[PDB]
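# Tertiary structure, described
For reference, the chains in residue letters:
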Protein chains: 2
Amino acid sequence: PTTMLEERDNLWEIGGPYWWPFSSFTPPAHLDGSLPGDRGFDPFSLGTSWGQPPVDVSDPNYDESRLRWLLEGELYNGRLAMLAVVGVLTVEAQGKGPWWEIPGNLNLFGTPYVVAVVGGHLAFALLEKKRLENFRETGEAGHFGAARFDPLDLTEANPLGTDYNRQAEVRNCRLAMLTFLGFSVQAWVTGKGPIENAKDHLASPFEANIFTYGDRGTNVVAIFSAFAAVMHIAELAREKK
Amino acid sequence: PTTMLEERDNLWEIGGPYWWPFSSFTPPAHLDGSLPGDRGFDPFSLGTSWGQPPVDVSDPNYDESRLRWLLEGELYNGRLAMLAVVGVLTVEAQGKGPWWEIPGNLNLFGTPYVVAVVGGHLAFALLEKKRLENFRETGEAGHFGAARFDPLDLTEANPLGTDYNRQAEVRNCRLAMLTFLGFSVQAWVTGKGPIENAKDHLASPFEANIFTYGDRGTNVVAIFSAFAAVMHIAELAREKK
Ligand code: CLA
Ligand code: CLA
Ligand code: CLA
Ligand code: CLA
Ligand code: CLA
Ligand code: CLA
Ligand code: CLA
Ligand SMILES: CC1=C[C@@H](O)CC(C)(C)[C@H]1/C=C/C(C)=C/C=C/C(C)=C/C=C/C=C(C)/C=C/C=C(/C=C/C1=C(C)C[C@H](O)CC1(C)C)CO
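Residues numbered from 1 in each chain as written, not as in the entry; some residues may be left out. Chains lettered and ligands numbered in written order. Part of a larger assembly, values for the part shown. Heavy atoms only, no water.

Its PDB record attributes the structure to cryo-EM, giving the resolution as 3.13 Å.

Next comes the structure, spelled out in structure tokens:
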């Protein structure tokens with residue numbers, strides 16, 4: 001595949017070339033630097049379980065095919081979030097009201113709904129069939145009728161390195177996913193929009209924060225703090241095998 | 001590097017050439033006199049953990065590179081505090097009000113804020129890239145476009161010794177850091193300014209002290225006394241391996 005790296009390197013980010021930037025840390029055995037965006041992040045070992053790739057079973061190098069399937073899933077989920085962020089910023093910040101009420105103001109019912117759903121699913125099923133059918137011969141799955149989709153050959157055309165685009169794409173998509181999670185959770189606690197929250201925070205950043213919106217802003221903090229205290233205990237327990 | 005010493009010596013200060021000036025004290029194994037400002041101060045052994053230097057991994061002398069990275073961090077943090085102390089004394093003691101309200105009286109909002117932030121970050125990212133890129137070939141990181149930055153060669157031009165400037169710089173920076181911590185905590189308990197506290201203490205030094213400002217002056221003393229009683233018990237426990 002061309003979705004895998006060519007140099008097997010770890011980039012030096014905020015603290016080190018690994019999350020958890022202390023000296024008592026050994027990266028997980030199945031993460032060795034072969035895929036873009038590697039940092040050894042796996043507190044719950046979901047890379048050795050959690051999925052079944054569409055490959056012939058009992059073929060050697062099957063445990064690696066599962067990480068490639070999960071990477072395909074990660075890229076696919078990020079490529080939609082990067083489009084959704086642009087599509088919500090270019091609408092909510094141009095003329096329109098809350099972005100979470102636009103679909104409910106189309107008045108789609110009866111026959112048009114049915115024909116739209118059926119046609120969209122026909123197209124997506126035809127594309128998905130080809131994706132599944134591509135992954136199985138070559139360990140890669142391009143979305144638009146081709147296994148690789150490089151209409152303009154730019155996968156190695158960046159003047160700062162060979163495998164630079166591959167590392168940039170998996171990181172922009174990774175940032176956009178939790179960007180959109182932020183939009184979805186912000187719209188439910190504050191009631192305002194994205195820009196209307198940034199400006200409120202920049203105006204006076206000591207009452208226009210999360211801790212001043214009532215019970216929801218406390219419930220989210222509680223959930224976040226409880227989930228963040230479990231994946232660190234899990235990592236500490238993992239380091240003792 | 002030229003940030004390390006040439007003579008491997010310990011200077012004799014307030015009590016001895018070590019903190020904890022008693023006879024039952026052996027310096028930590030990783031602190032041996034090779035860096036400026038050495039005193040064997042390490043109750044919590046943060047010099048063998050806590051960080052990952054940007055060097056090629058598995059290269060010999062990796063445990064020493066981490067102390068050099070932490071020394072780089074110490075010098076970097078001190079060089080900003082020494083500028084901030086001068087910048088707050090030359091403003092608060094010249095004409096202006098509380099120094100912790102100046103940024104809030106610039107009225108920076110909208111486009112100017114965004115362009116200023118983006119430009120500053122562009123410049124700092126360009127400089128930081130060069131710093132990270134310098135540390136990795138030579139174990140040193142100068143901030144201003146050069147690995148060493150000696151426009152006027154004065155690193156060995158002091159008429160009291162060879163490595164005198166190196167020991168003076170790490171100590172002035174070390175004093176300025178807790179100087180500024182004092183300014184920040186003083187402004188929150190007293191409400192006055194820096195000079196307005198020194199003059200109040202010199203006027204009548206038995207009611208213009210920390211113990212007479214209410215509950216905050218007691219909370220700070222309590223926190224200080226609780227943190228000071230933990231790093232001595234830790235040192236005593238360390239001395240018994
Ligand atoms: C409350 C829980 C919690 C906390 C406190 C942290 C804290 C941290 N995480 Mg995170 N993390 C958490 C939950 C949490 N994590 C969860 C739930 C997940 C699952 C998704 C992760 C997954 C995760 C990963 C995968 C990584 C981290 C990393 C980090 C570090 C960088 C954070 C960062 O970029 O800040 C944002 C900060 C900035 C963009 C710049 C900071 C500058 C600000 C604006 C002010 C100046 C800086 C500051 C003053 C300097 C120190 C001063 C201070 C000591 C007084 C940091 C120690 C990274 C790390 O440690 O890499 C080595 C990392 O790779 N975390
Ligand atoms: C759905 C998106 C998705 C998927 C499929 C993956 C998949 C992968 N990531 Mg992860 N990752 C993602 C999003 C995703 N990532 C995001 C958004 C971040 C930013 C925090 C990261 C950051 C990250 C790092 C730093 C690293 C990986 C790595 C990996 C690989 C490790 C194996 C693994 O855990 O796979 C299984 C993963 C799943 C099956 C997804 C499980 C989703 C859970 C169950 C839902 C949790 C939802 C909850 C609301 C989260 C709240 C977070 C918020 C509070 C902060 C794998 C290819 C490692 C690697 O080597 O990559 C090449 C690696 O070093 N990822
Ligand atoms: C997947 C994300 C997503 C989703 C679900 C929607 C959904 C919607 N958008 Mg769209 N939109 C998106 C992304 C998205 N948008 C993007 C990326 C942009 C920036 C160009 C916009 C800009 C935009 C505007 C300006 C408006 C909408 C509006 C709408 C609504 C009516 C449909 C319409 O007029 O579309 C029009 C959308 C477009 C002309 C751009 C579509 C871009 C597609 C989805 C990106 C993917 C293209 C694909 C990969 C190309 C394949 C090429 C290959 C075969 C070679 C609808 C709820 C209208 C609205 O808000 O009504 C109230 C409206 O005025 N959108
Ligand atoms: C993706 C990045 C992102 C950004 C830039 C912001 C920005 C903001 N959020 Mg947060 N937010 C995010 C994700 C993000 N959010 C996520 C993932 C969640 C779900 C847990 C929320 C849920 C949330 C709520 C419920 C509220 C905010 C609010 C705010 C504002 C005040 C800060 C605060 O209270 O943070 C709180 C942050 C958290 C609870 C969790 C940390 C969020 C991520 C993981 C930190 C990422 C750090 C990273 C270095 C930032 C990059 C910035 C980017 C420009 C490069 C501010 C505009 C408040 C607001 O609107 O005030 C007006 C508010 O009420 N956010
Ligand atoms: C409440 C807790 C506490 C106390 C009582 C002390 C006490 C001491 N520390 Mg400190 N220390 C503490 C917490 C504390 N430390 C903490 C939290 C840290 C972490 C940052 C350290 C880290 C630390 C280090 C790294 C070092 C010390 C050192 C010292 C000694 C010198 C202090 C000094 O310069 O005073 C200031 C005094 C003067 C500048 C001059 C004194 C003159 C005054 C004005 C009056 C006259 C002197 C006096 C009357 C003479 C004795 C008389 C008396 C017996 C009646 C002293 C025994 C040093 C040491 O022992 O070196 C051998 C040393 O190197 N400490
Ligand atoms: C951020 C600044 C900073 C940093 C990075 C370092 C780094 C270092 N110092 Mg330390 N040092 C500092 C400030 C700093 N120092 C200050 C301000 C003082 C004066 C009290 C000293 C005094 C001192 C001595 C006397 C010695 C060192 C030495 C060392 C080395 C020991 C290894 C170590 O612990 O590193 C790791 C350190 C860190 C990761 C910083 C941790 C910061 C903690 C977690 C925060 C505590 C904040 C809290 C509010 C403090 C309140 C104090 C107040 C109540 C008095 C290392 C290079 C030894 C050496 O050989 O130097 C060459 C040595 O002998 N330092
Ligand atoms: C890092 C510390 C720091 C910070 C954050 C600030 C911040 C500020 N200062 Mg400045 N200031 C500083 C240090 C600092 N100062 C120093 C060191 C001095 C002594 C010369 C002053 C003296 C000073 C005065 C007299 C005034 C301010 C004022 C201000 C405010 C408006 C900006 C301005 O007019 O700057 C003007 C600042 C300068 C002309 C001096 C800047 C010195 C820089 C920061 C030192 C570093 C230089 C750099 C290393 C050189 C690189 C060379 C290399 C390429 C070869 C602003 C909040 C104004 C104010 O209070 O308005 C209400 C104001 O009147 N400052
Ligand atoms: C927890 C854990 C354990 C470890 O072992 C490893 C690990 C990495 C798994 C780790 C963490 C995993 C994490 C944090 C994963 C997070 C995944 C996340 C947050 C994924 C988010 C995906 C979001 C997506 C697709 C969003 C799609 C949004 C769309 C929106 C569509 C819109 C709608 C509805 C109408 C609007 O008018 C217009 C528009 C906004 C476009 C649709 O266009």
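Continuing now.
## Quick word on the overall build of chain A
Along chain A, the regular secondary structure elements total 6 helices and 0 strands. Going from the N terminus to the C terminus, chain A shows its helices and strands as α-α-α-α-α-α. Counting only C-alpha atoms, chain A reaches 55 × 55 × 40 Å along its principal axes. With 241 residues in all, chain A has 25% of them scored as buried. Carbon and sulfur atoms provide 64% of the accessible area of chain A, an area that totals close to 15,900 Å². Counting 20 positive and 30 negative side-chain charges, chain A places the averaged centre of each group 3 Å from the other. (Helix = DSSP H or I, 4+ residues; strand = E, 2+ residues; numbered from the N terminus. Buried < 20%, exposed > 50% of the residue type's maximum accessible area, 1.4 Å probe, protein only. Areas by Shrake-Rupley, 256 points an atom, 1.4 Å probe, with all protein chains shown as cover. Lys, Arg positive; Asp, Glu negative; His and termini not counted. Charge placed at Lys NZ, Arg CZ, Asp CG, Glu CD.)

## Considerations on the site of ligand 5
Residue and element names in this part refer to chain B. Around ligand 5, a shell composed of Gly15, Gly16, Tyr18, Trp19, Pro21, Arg39, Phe41, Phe224, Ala228 and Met231 is seen. The contact in question runs from an oxygen atom of ligand 5 to an N or O atom on the side chain of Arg39, over 3.3 Å. For the shell around ligand 5, a count of residues per class yields 7 nonpolar, 2 polar and 1 charged. (Near = heavy atom within 4 Å. Polar contact = N/O pair within 3.5 Å; in protein donor to acceptor, adjacent residues only side chain to side chain. Nonpolar A, V, L, I, M, F, W, Y, C, P; charged D, E, K, R; others polar.)

## Considering the packing of helix α1 (residues 63-92) of chain A against helix α3 (residues 165-189) of chain A
Each pair of packed helices can be summarised by the angle the axes make with each other and by the distance between the axes. Residues and elements named next belong to chain A. Contact geometry of α1 with α3 gives a least axis separation of 8 Å together with a crossing angle of 55 degrees. When the axis of α1 is compared with that of α3, the two are oblique. By crossing handedness, the relation of α1 to α3 is classed as left-handed. Taken together, the residues of α3 that come into contact with α1 (itself represented by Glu74, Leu75, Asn77, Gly78, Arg79, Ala81, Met82, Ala84, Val85, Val88 and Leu89) are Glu169, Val170, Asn172, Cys173, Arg174, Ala176, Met177, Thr179, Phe180 and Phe183. (Axes fitted to C-alpha atoms, helices over the stretch in contact; angles between N-to-C directions. Parallel < 35°, antiparallel > 145°, perpendicular 65-115°, else oblique. Left-handed = near helix turned anticlockwise from the far one by under 90°. Contact = heavy atoms within 4.5 Å.)

## Details of the site of ligand 2
Residues and elements named next belong to chain A. Lining the immediate surroundings of ligand 2 are 17 residues, of which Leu31, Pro36, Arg39, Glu74 and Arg174 lie closest. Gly40 places a main-chain nitrogen or oxygen 3.3 Å from an oxygen atom of ligand 2. Within the backbone of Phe41, a nitrogen or oxygen atom sits 3.3 Å from an oxygen atom of ligand 2. Listing elements by their share of the shell around ligand 2, those giving two or more residues are α1 and α3. The element best represented in the shell around ligand 2 is α1, accounting for 4 residues.

## Comments concerning the environment of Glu6 of chain B
All names here are of chain B. Of note, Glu6 is situated in the segment before α1 (63-92). In the structure, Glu6 is positioned 32 residues away from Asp38 in sequence and 13 Å away in space, judged by C-alpha atoms. Leave out the neighbours within four places in its chain, and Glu6 touches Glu156, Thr162 and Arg166. Among the polar contacts made by the side chain of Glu6, one reaches the side chain of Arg166 at a distance of 3.2 Å.

## So, the interface of chain B and chain A
On the chain A side, the residues contacting the 12 residues of chain B number 10 residues. Roughly 830 Å² is buried in total at the junction of chain B and chain A, and carbon and sulfur atoms are behind 60% of that figure. Between chain B and chain A we count 0 salt bridges in total. In terms of residue class, the side of chain B that touches chain A is made up of 6 nonpolar, 4 polar and 2 charged. (Buried area = accessible area lost by both parts, 1.4 Å probe. Salt bridge = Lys/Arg side-chain N within 4 Å of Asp/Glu carboxyl O.)

## Examining the coordination of the magnesium atom of ligand 2
Looking at the magnesium atom of ligand 2, one finds just one donor atom contributed by the protein, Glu74 of chain A (OE), at 2.8 Å. As for its placement among the helices and strands, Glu74 of chain A is situated in helix α1. (Donors = N, O, S within 2.8 Å, 3.2 Å for Na, K, Ca; no water.)

## Considerations on the packing of aromatic side chains
Centre distance and the angle of the planes are the two values used to describe a pair of aromatic rings. All chains considered together, the criterion is met by 20 aromatic pairs over all chains. For the pair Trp69 of chain A and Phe135 of chain A, a centre-to-centre distance of 4.8 Å together with 65 degrees between the ring planes defines the contact as edge-to-face. Of this pair, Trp69 of chain A sits in helix α1 while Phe135 of chain A sits in helix α2 (residues 111-135), and the two are 66 residues apart along the sequence. Taken together, a centroid distance of 5.4 Å and an interplanar angle of 45 degrees make the contact between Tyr18 of chain B and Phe25 of chain B tilted. For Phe25 of chain B, a relative accessible area of 11% puts it in the buried group. Over the face of the ring belonging to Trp188 of chain A we find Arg216 of chain A, whose NZ or CZ atom lies 4.9 Å from the ring centre. (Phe/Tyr/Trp six-rings, centres within 6.5 Å; stacked < 30°, edge-to-face > 60°. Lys NZ or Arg CZ within 6 Å of the ring centre and 35° of its normal.)

## Let's talk about the pattern of salt bridges
Residue and element names in this part refer to chain B. All told, the structure shown has 20 salt bridges over all chains when counted by the stated rule. Measuring nitrogen to oxygen at the nearest pair gives 3.3 Å for the salt bridge that ties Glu169 to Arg79. Here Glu169, found in helix α3 (residues 165-189), pairs with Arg79, found in helix α1; they are 90 residues apart in sequence, far enough to count as distant. Here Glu169 falls in the partly exposed class, since its relative accessible area comes to 30%.

## Structural notes on the side chain of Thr3 of chain A
Residue position: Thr3 of chain A is located in the segment before α1. Not counting chain neighbours up to four residues away, the residues in contact with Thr3 of chain A comprise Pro36, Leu71, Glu72, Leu75, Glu140 and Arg166 of chain A.

## Remarks on a nonpolar patch on the surface
Together, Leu202 of chain A together with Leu106, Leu108, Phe109, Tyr113, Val114, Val117, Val118 and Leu122 of chain B give the surface a local cluster of nonpolar side chains, amounting to about 840 Å² of exposed area. Per element, the largest residue contribution to the nonpolar patch is 5 residues, and it comes from helix α2 (residues 111-135) of chain B. Tracing the backbone shows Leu202 of chain A in helix α4 (residues 194-203). Under the relative-accessibility criterion, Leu202 of chain A is labelled partly exposed at 37%. (Patch = residues over 30% accessible without salt bridge, like charges linked within 9 Å, V, L, I, M, F, W, Y side chains within 5 Å.)

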